[PDB]
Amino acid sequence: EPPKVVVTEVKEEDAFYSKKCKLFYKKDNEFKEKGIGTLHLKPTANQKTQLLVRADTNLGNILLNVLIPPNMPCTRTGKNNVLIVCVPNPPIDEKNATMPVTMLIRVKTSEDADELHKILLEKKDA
């Protein structure tokens, strides 16, 4: 039988919200997988909030790291998904970093997907 994959999660004690998720980004006309990870919402020195996604590995690869802008596109779609548009950091295309990218945040349940959509909209306002 395939071996179990054990991961010592990278913890973010300073986050006020943390949910396991799967991330995708729209290129051509497909949503390409970015990996399974954990979405973190952390404080800043300002009233702005940090949107952080670390991969489900021992190294906690930073898949996304962005301040939530006030007019961030944010919409609820699907069974358990939340769409957003932002200038990705780390960049997805090094040549055209400045171009916003449409992104899909999947979570396990529709209820906790509805929750992610709520608190994100709450933090756009600040």
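All residue numbers are counted from 1 along the displayed sequence.
A.B. asks: Take the C-alpha B-factors listed in the entry for 53 to 61 and for 71 to 79, compute each mean, and give the stretch with the larger one.
C.D. replies: According to the PDB entry, the answer is 71 to 79.
A.B. asks: Going by the average Cα B-factor in the PDB entry, point out whether 87 to 95 or 36 to 44 comes out higher.
C.D. replies: Taking the mean B-factor of the alpha carbons in each, 87 to 95 is higher.
A.B. asks: When you compare the CA B-factors of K11, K118, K108, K19 as listed in the entry, which one comes out on top?
C.D. replies: Each of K11, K118, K108, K19 was compared by C-alpha B-factor; the highest is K118.
A.B. asks: Lowest, middle or highest third: where is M103 by C-alpha B factor in its chain?
C.D. replies: Its C-alpha B-factor belongs to the highest third of this chain's values.
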